[PDB]
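Enquirer: pasting the structure only:
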(Lines give C-alpha, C1' and ligand atoms only; values in the text may rest on other atoms or scores of the structure.)
Protein backbone atom coordinates (compact mmCIF):
# COMPACT_ATOMS: atom_id res chain seq x y z
CA UNK A 1 0.00 0.00 0.00
CA UNK A 2 1.46 3.41 -0.92
CA UNK A 3 2.07 5.81 1.93
CA UNK A 4 1.47 9.02 -0.05
CA UNK A 5 -0.72 9.87 -3.02
CA UNK A 6 0.92 10.44 -6.39
CA UNK A 7 -1.58 13.19 -7.28
CA UNK A 8 -2.41 16.03 -6.94
CA UNK A 9 0.56 16.66 -4.57
CA UNK A 10 -1.02 19.75 -2.94
CA UNK A 11 2.31 21.29 -1.88
CA UNK A 12 3.74 21.44 -5.41
CA UNK A 13 0.52 22.91 -6.80
CA UNK A 14 0.43 25.53 -4.04
CA UNK A 15 4.06 26.50 -4.69
CA UNK A 16 3.68 26.70 -8.47
CA UNK A 17 0.38 28.59 -8.45
CA UNK A 18 1.65 31.00 -5.79
CA UNK A 19 4.80 31.66 -7.82
CA UNK A 20 2.74 32.29 -10.96
CA UNK A 21 0.37 34.60 -9.08
CA UNK A 22 3.26 36.50 -7.53
CA UNK A 23 4.95 36.94 -10.91
CA UNK A 24 1.81 38.21 -12.62
CA UNK A 25 1.03 40.47 -9.66
CA UNK A 26 4.52 41.95 -9.79
CA UNK A 27 4.04 42.54 -13.51
CA UNK A 28 0.69 44.24 -12.87
CA UNK A 29 2.21 46.44 -10.15
CA UNK A 30 5.08 47.38 -12.48
CA UNK A 31 2.63 48.29 -15.24
CA UNK A 32 0.70 50.52 -12.81
CA UNK A 33 3.73 52.68 -11.96
CA UNK A 34 3.57 54.61 -15.24
CA UNK A 35 -0.25 54.73 -15.17
CA UNK A 36 -0.04 57.68 -12.74
CA UNK B 1 23.62 -9.42 -4.14
CA UNK B 2 20.04 -9.90 -5.35
CA UNK B 3 18.95 -10.43 -1.74
CA UNK B 4 20.96 -7.40 -0.60
CA UNK B 5 19.35 -5.04 -3.11
CA UNK B 6 15.84 -6.48 -2.69
CA UNK B 7 13.15 -4.19 -1.30
CA UNK B 8 11.42 -7.17 0.31
CA UNK B 9 14.58 -8.16 2.19
CA UNK B 10 14.91 -4.67 3.69
CA UNK B 11 11.21 -4.64 4.58
CA UNK B 12 11.34 -7.95 6.46
CA UNK B 13 14.65 -7.06 8.11
CA UNK B 14 13.27 -3.78 9.44
CA UNK B 15 10.08 -5.55 10.53
CA UNK B 16 12.01 -8.10 12.60
CA UNK B 17 14.31 -5.59 14.33
CA UNK B 18 13.76 -4.01 17.74
CA UNK B 19 15.01 -0.71 16.30
CA UNK B 20 11.79 -0.40 14.28
CA UNK B 21 9.58 -1.94 16.98
CA UNK B 22 10.64 0.60 19.60
CA UNK B 23 9.85 3.44 17.18
CA UNK B 24 6.31 2.25 16.45
CA UNK B 25 3.58 4.59 17.72
CA UNK B 26 0.59 2.27 17.26
CA UNK B 27 -0.89 4.22 14.32
CA UNK B 28 -1.00 2.12 11.16
CA UNK B 29 -0.38 5.01 8.76
CA UNK B 30 2.50 6.42 10.81
CA UNK B 31 4.03 2.96 11.25
CA UNK B 32 3.81 2.31 7.50
CA UNK B 33 5.39 5.69 6.74
CA UNK B 34 8.21 4.99 9.20
CA UNK B 35 8.80 1.54 7.70
CA UNK B 36 8.93 3.01 4.19
CA UNK B 37 11.34 5.71 5.36
CA UNK B 38 13.68 3.19 6.98
CA UNK B 39 13.57 0.86 3.96
CA UNK B 40 15.16 3.66 1.92
CA UNK B 41 17.81 4.04 4.65
CA UNK B 42 19.58 0.96 3.22
CA UNK B 43 21.24 1.78 -0.11
CA UNK B 44 22.99 -0.78 -2.30
CA UNK B 45 25.58 0.55 -4.76
CA UNK B 46 26.58 -2.11 -7.33
CA UNK B 47 30.26 -2.35 -8.15
CA UNK B 48 32.05 -1.97 -11.47
CA UNK B 49 34.85 -4.39 -12.33
CA UNK B 50 36.17 -2.05 -15.03
CA UNK B 51 37.01 0.58 -12.39
CA UNK B 52 38.02 -2.13 -9.87
CA UNK C 1 10.85 48.06 -23.22
CA UNK C 2 7.94 50.10 -21.83
CA UNK C 3 5.75 47.22 -20.69
CA UNK C 4 3.80 49.61 -18.46
CA UNK C 5 2.55 51.49 -21.51
CA UNK C 6 2.11 48.19 -23.35
CA UNK C 7 -0.41 47.07 -20.73
CA UNK C 8 -2.52 50.17 -21.37
CA UNK C 9 -2.20 49.70 -25.14
CA UNK C 10 -3.47 46.11 -24.94
CA UNK C 11 -6.21 47.09 -22.47
CA UNK C 12 -7.51 49.81 -24.81
CA UNK C 13 -7.75 47.55 -27.87
CA UNK C 14 -8.97 44.35 -26.23
CA UNK C 15 -12.29 44.37 -28.13
CA UNK C 16 -10.66 44.01 -31.55
CA UNK C 17 -8.39 41.23 -30.27
CA UNK C 18 -11.35 39.31 -28.82
CA UNK C 19 -13.45 39.75 -31.95
CA UNK C 20 -10.72 38.64 -34.34
CA UNK C 21 -9.83 35.69 -32.12
CA UNK C 22 -13.48 34.62 -32.13
CA UNK C 23 -13.58 34.96 -35.93
CA UNK C 24 -10.43 32.82 -36.21
CA UNK C 25 -12.00 30.22 -33.91
CA UNK C 26 -15.12 30.17 -36.10
CA UNK C 27 -12.95 29.67 -39.19
CA UNK C 28 -11.18 26.80 -37.42
CA UNK C 29 -14.55 25.28 -36.51
CA UNK C 30 -15.64 25.43 -40.15
CA UNK C 31 -12.38 23.84 -41.30
CA UNK C 32 -12.72 21.10 -38.67
CA UNK C 33 -16.24 20.27 -39.82
CA UNK C 34 -15.01 20.40 -43.44
CA UNK C 35 -12.30 17.76 -42.86
CA UNK C 36 -12.18 13.97 -42.81
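Expert: Now that the structure is in, tell me what you want to look at. Numbers count the residues shown, from 1 in each chain, chains lettered A, B, ... in the order given.
Enquirer: sec struct for residue B:48, please.
Expert: With DSSP: H, G, I helix; E, B strand; the rest coil as the basis, the three-state label of residue B:48 is coil.
Enquirer: what sits against it?
Expert: If a contact means Cβ atoms under 8 Å, 6 or more residues apart in numbering or on different chains, then residue B:48 has no contacts. For the C-beta atoms, the positions are set from N, CA and C on the backbone; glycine is no exception.
Enquirer: with residue B:14 instead?
Expert: Taking Cβ under 8 Å, 6+ apart as the criterion, residue B:14 is in contact with B:20, B:35, B:38-39.
Enquirer: make TSV out of the residues you listed and add distance to residue B:45, secondary structure and neighbour count.
Expert: As requested, those are exported to TSV (distance: Cβ to Cβ, whole Å; DSSP: H, G, I helix; E, B strand; the rest coil; neighbours: other Cβ atoms under 10 Å in any protein chain shown):
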residue	distance to residue B:45	secondary structure	neighbour count
B:20	23	helix	16
B:35	22	helix	17
B:38	18	helix	18
B:39	16	helix	17
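Enquirer: farthest-separated two in the residues you listed?
Expert: Maximum pairwise distance in the contacts of residue B:14, criterion Cβ to Cβ, is 10.0 Å, between B:20 and B:39.
Enquirer: against chain A, how distant is residue B:11?
Expert: 12 Å (Cβ to the nearest Cβ, to the nearest Å).
Enquirer: my bad, residue B:51
Expert: On the measure of Cβ to the nearest Cβ, residue B:51 and chain A end up 36 Å apart.
Enquirer: neighbours around that residue, how many?
Expert: For residue B:51, the neighbour count with other Cβ atoms under 10 Å in any protein chain shown is 5.
Enquirer: how close does it get to residue C:23?
Expert: Separation of residue B:51 from residue C:23 (Cβ to Cβ, to the nearest Å): 65 Å.
Enquirer: what do you get for residue B:50?
Expert: Distance, residue B:50 to residue C:23, using Cβ to Cβ: 65 Å.
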